[PDB]
């Protein structure tokens, strides 16, 4: 695996065909590797980027606190069979004079995570657009854990016409169900025990949906699950349309349950298909 940190070397190290791409912010875990394997198996050349993007971190968030361990990532990727690792510095990605932004507007970015993290999706859209242009991938892989982000990237791709196939990969979970996330390291031993509540709430809703319950009844079951863990401050809990993320008035194939909230030392999010 060749490691590069500049745009110049990146472009020269890239073939024009069969590129599978996996954008990440470093401090990789079992979950990221699932994306890399998927990419490795489907494309002759695999590229993974590691870059903590300042643009998607807003006021009051964890930019400087974000987990960083390049050598650990470089060793993990090298072993995963990745051909190219792009680990640029902030000034390589955003040199002096940088002033362009890409943003998906409307309900897709105004609701849920967009309401809790204003400006977050503009930062994501901007860095993804740039990465797609620098890498020119045939396929790009994203985790379903960040479902809204996945839809935002798909919308930007469809709207602007990027010739990139965006692939969503199922969420990797711990035995107790806690979705893997680099931010889980924030959790203390005690909070980690309560963390499974998000997935628990989501399962409660899927259960009602399977028993023939209404959307409203499913939401109630989910609310109750969360209420049992007051330490968890809920941001939102809903059952939304799989493509528009609008609250559902009735069930539709692919109905998505989404939840988010925060414990004192960290914020967590999760989602799951509740119907059928």
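Residue numbers count along the first chain shown, from 1.
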Taking the mean of the C-alpha B-factors per stretch from the entry, tell me the winner out of 9-17 and 255-263. 9-17
105-113 versus 177-185 - which carries the larger mean C-alpha B factor in the record: 177-185
Residue with highest C-alpha B-factor in the PDB entry, from 129, 75, 164, 160: 75
Determine which member of 136, 122, 191, 100 has the highest CA B-factor, using the values in the deposited entry. 191
So, residue 49's CA B-factor, relative to its chain, sits in which third? The middle
Residue 229 CA temperature factor, ranked by third within the chain: highest
Per the entry's values, where does residue 33 land by CA temperature factor relative to the rest of its chain, in the lowest, middle or highest third? highest
Chain thirds of CA B-factor: placement of residue 211: highest
Considering only modelled residues of the same chain, in which third does the CA B-factor of residue 57 rank: lowest, middle or highest? middle
